[PDB]
Amino acid sequence: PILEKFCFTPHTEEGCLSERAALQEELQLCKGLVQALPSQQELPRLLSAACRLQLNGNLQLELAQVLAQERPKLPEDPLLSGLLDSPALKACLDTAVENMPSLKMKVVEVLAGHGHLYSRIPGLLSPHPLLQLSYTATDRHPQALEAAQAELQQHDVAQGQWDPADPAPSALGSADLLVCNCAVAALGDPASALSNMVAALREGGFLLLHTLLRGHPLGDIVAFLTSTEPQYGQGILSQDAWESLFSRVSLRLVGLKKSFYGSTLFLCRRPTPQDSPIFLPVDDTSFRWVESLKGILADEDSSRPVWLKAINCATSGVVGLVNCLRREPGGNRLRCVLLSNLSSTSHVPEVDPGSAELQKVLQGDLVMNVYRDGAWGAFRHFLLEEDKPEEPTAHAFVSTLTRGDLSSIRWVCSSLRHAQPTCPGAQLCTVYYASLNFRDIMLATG
């Protein structure tokens, strides 16, 4: 079985990877070499080689090319691909999948050869049982991404010839989701590439963009490097620079995921033609709102989106209601807004049409808009940790978790922790040395 956890997820989060210890050590290593102009990781080795040839007046040429760095191993560096291995990628992909009028998803990757997302993205969508995915990876040159062609084949992907700078090919046409991995890939120009992508992006689609932010320590460090290649430097931009860049192409930022050192992950949704939205209260306890909603959904001719908003009670289950309604005919109009605060001291934002928050969520236009404890977010599914739970216990018994295999033998908590069976004529005894007999081997062996 697929084991998951149903967790709340803020739309905008900061300091995602701060918990990781290895990433902090990597940042310390990279800044140490940067200081005064050391690890098995590729990026610290690259900086060590840059400092090695010259402590001063280093050739941009010599640091740029060096053995063990010609490979695109930077994306394999934990610092650069930290967020992708984090749950932020899964949350963004779930957000993209959820807000689709159809059950099929069309995703295209730009500069896929360097991005390498083609290997990682398709796996994360396997847990969705009904989702059907059509993946296509595009890179500037045919020889680019020539390696790993078997890795592409094992997944249901297609090659590409699109270079983002030029207008998108008609073959890609309209796609639900665009993934770039701009952190490692090189874009000719930010505004031009964004214009081309938004041209390729369908109406109401999503643009998932991964970038390193300028003005941050690691951002400045990468800015110093790759100075030989101007295109990569243009990819590195300020957070406000990216925010302004999105607006110019009329692309609205639905969500943002940021790392503690500076690596960030942008998610944007192409605006859809503004339509007057219906409003229906869904907090009535008598459930008489079903008839009112039943009538509205009946008029399938109307294309007005319908907003079910519950604000009276945090326990209202409108989330599942809209989840089930969307599948049924005429469900494309449904969109949810719920205010569920778990703390009384927390305040409730106003959802009046005049108020700003409702306008902002309408502009975002996401199906799920759940506000809890001062942050707009939506519930998401994450695979839970594989390791079995363990706790300190005074009572435990040796058990073979899998019959017939000795490698499984491990200590497990014992029912004696409760000691209810103890009674007069029976007593509990500590065990210092426990012997093994033939029958024990026969049992463990299976």
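Among residues of segment 275-292 that are closer than 15 Å to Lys309 by Cα, those with a beta-carbon under 9 Å from a residue that is aromatic (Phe, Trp, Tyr) and in a strand (DSSP E or B) at least six positions away or on a different chain give the pairs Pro277/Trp307; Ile278/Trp307; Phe279/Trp307; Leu280/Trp307. Contact map, segment 331-345: first residue farther than 10 Å from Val370 by Cα, second residue charged (D, E, K, R) and assigned to a loop (DSSP other than H, G, I, E, B), Cβ cut-off under 8 Å, separation 6 or more or different chains; pairs are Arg333/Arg304; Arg335/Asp365; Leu342/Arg372; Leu342/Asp373; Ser343/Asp373. Using beta carbons and a limit of 9 Å, which pairs, at least six apart or on different chains, have the first residue in segment 362-373 and within 16 Å of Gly331 (Cβ to Cβ) and the second one part of a loop (DSSP other than H, G, I, E, B)? Listed by first residue and then by second, the contacts come to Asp365/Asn99; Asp365/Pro271; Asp365/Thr272; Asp365/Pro305; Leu366/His11; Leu366/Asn99; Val367/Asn99; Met368/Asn99. Residue count for segment 369-408 satisfying the condition of being surrounded by fewer than 17 Cβ atoms within 10 Å (Cβ to Cβ), in a loop (DSSP other than H, G, I, E, B) and not aliphatic (A, V, I, L, M): 16.
Conditions tested, residue by residue: (1) under 15 Å from the mean Cα position of the chain (by Cα); (2) among the polar types (S, T, N, Q); (3) buried (at least 19 other Cβ atoms within 10 Å of the Cβ).
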{"site": "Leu83", "(1), (2), (3)": "yes, no, yes"}
{"site": "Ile121", "(1), (2), (3)": "yes, no, yes"}
{"site": "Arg140", "(1), (2), (3)": "no, no, yes"}
{"site": "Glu146", "(1), (2), (3)": "no, no, no"}
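Inspect segment 173-184 for any residue being surrounded by 12 or more Cβ atoms within 10 Å (Cβ to Cβ), out of contact with any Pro (no Cβ under 8 Å at 6 or more places or on another chain), of a type in the set (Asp, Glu) and within 23 Å of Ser81 (Cβ to Cβ) and give the result as yes or no. Scanning segment 173-184, I find no residue that is surrounded by 12 or more Cβ atoms within 10 Å (Cβ to Cβ), out of contact with any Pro (no Cβ under 8 Å at 6 or more places or on another chain), of a type in the set (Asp, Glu) and within 23 Å of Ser81 (Cβ to Cβ), so the answer is no. The residue that is farthest from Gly320 (Cα to Cα), counting only those in segment 273-304 that are of a type in the set (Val, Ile, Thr) and in a helix (DSSP H, G or I), is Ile296. Evaluating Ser259 against the criteria (1) surrounded by 18 or more Cβ atoms within 10 Å (Cβ to Cβ); (2) within 29 Å of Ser102 (Cα to Cα) leaves one unmet condition, (2). For segment 70-85, residues that are out of contact with any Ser or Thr (no Cβ under 8 Å at 6 or more places or on another chain) and farther than 18 Å from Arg45 by Cα total 2.
Here is a yes/no grid of residues against (1) of a type in the set (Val, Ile, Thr); (2) under 18 Å from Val97 (Cα atoms); (3) surrounded by fewer than 12 Cβ atoms within 10 Å (Cβ to Cβ):
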{"site": "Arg270", "(1), (2), (3)": "no, yes, no"}
{"site": "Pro281", "(1), (2), (3)": "no, no, no"}
{"site": "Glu291", "(1), (2), (3)": "no, no, yes"}
{"site": "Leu297", "(1), (2), (3)": "no, no, no"}
{"site": "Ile311", "(1), (2), (3)": "yes, no, no"}
{"site": "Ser316", "(1), (2), (3)": "no, no, no"}
{"site": "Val322", "(1), (2), (3)": "yes, yes, no"}
{"site": "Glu328", "(1), (2), (3)": "no, yes, yes"}
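Could we say that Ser247 is among the hydroxyl-bearing types (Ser, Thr, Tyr), more than 19 Å from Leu111 (Cβ to Cβ) and surrounded by fewer than 15 Cβ atoms within 10 Å (Cβ to Cβ) here? So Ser247 fits the description; yes. Against the definition (touching a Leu at 6+ places or on another chain (Cβ under 6 Å), of a type in the set (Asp, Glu) and closer than 17 Å to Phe266 by Cα), how does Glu62 come out, yes or no? For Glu62, the condition - touching a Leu at 6+ places or on another chain (Cβ under 6 Å), of a type in the set (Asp, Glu) and closer than 17 Å to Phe266 by Cα - is not met.
So for segment 318-325 (the condition being of a type in the set (S, T, N, Q) and either part of a loop (DSSP other than H, G, I, E, B) or closer than 30 Å to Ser18 by Cβ (or both)), does at least one residue qualify? No, because not a single residue in segment 318-325 is of a type in the set (S, T, N, Q) and either part of a loop (DSSP other than H, G, I, E, B) or closer than 30 Å to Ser18 by Cβ (or both). Across segment 331-348, the number of residues qualifying as part of a loop (DSSP other than H, G, I, E, B) and surrounded by 16 or more Cβ atoms within 10 Å (Cβ to Cβ) comes to 1.
When you look at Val222, is it of a type in the set (A, V, I, L, M, F, W, C), crowded, with 21+ Cβ neighbours inside 10 Å and over 22 Å from the mean Cα position of the chain (by Cα), yes or no? Yes, satisfied.
Listed residues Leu366, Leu428; which is closer than 30 Å to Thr95 by Cα and outside any strand (DSSP E or B)? Criteria check complete, one pass: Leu366.
Counting just the residues of segment 1-52 that are acidic (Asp, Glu) and within 21 Å of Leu124 (Cα to Cα), which one comes out surrounded by the fewest Cβ atoms within 10 Å (Cβ to Cβ)?
So the residue we want is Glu4.
Do any residues in segment 127-155 that are charged (D, E, K, R) have Cβ atoms under 6 Å from those of residues that are assigned to a loop (DSSP other than H, G, I, E, B), where the two are at least six apart or on different chains, and which pairs are they? The qualifying pairs are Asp139/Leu111; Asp139/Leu145; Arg140/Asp163. Only a single item in (1) more than 30 Å from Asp220 (Cα to Cα); (2) assigned to a loop (DSSP other than H, G, I, E, B) is not met by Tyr261, and it is number (1). Among the residues of segment 301-350, those that are more than 27 Å from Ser276 (Cβ to Cβ) and more than 28 Å from the chain's Cα centre (by Cα) comprise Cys313, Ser344, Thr345, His347. Restricting the search to helices (runs of 4 or more DSSP H) fully inside segment 18-79 and requiring at least 2 residues that are hydroxyl-bearing (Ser, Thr, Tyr) and farther than 24 Å from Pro230 by Cα gives an empty result.
FYI, it's all coordinate maths here, none of it is from the lab. Reconstructed Cβ throughout: ideal geometry from the backbone, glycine too, with neighbour counts over all protein chains shown.
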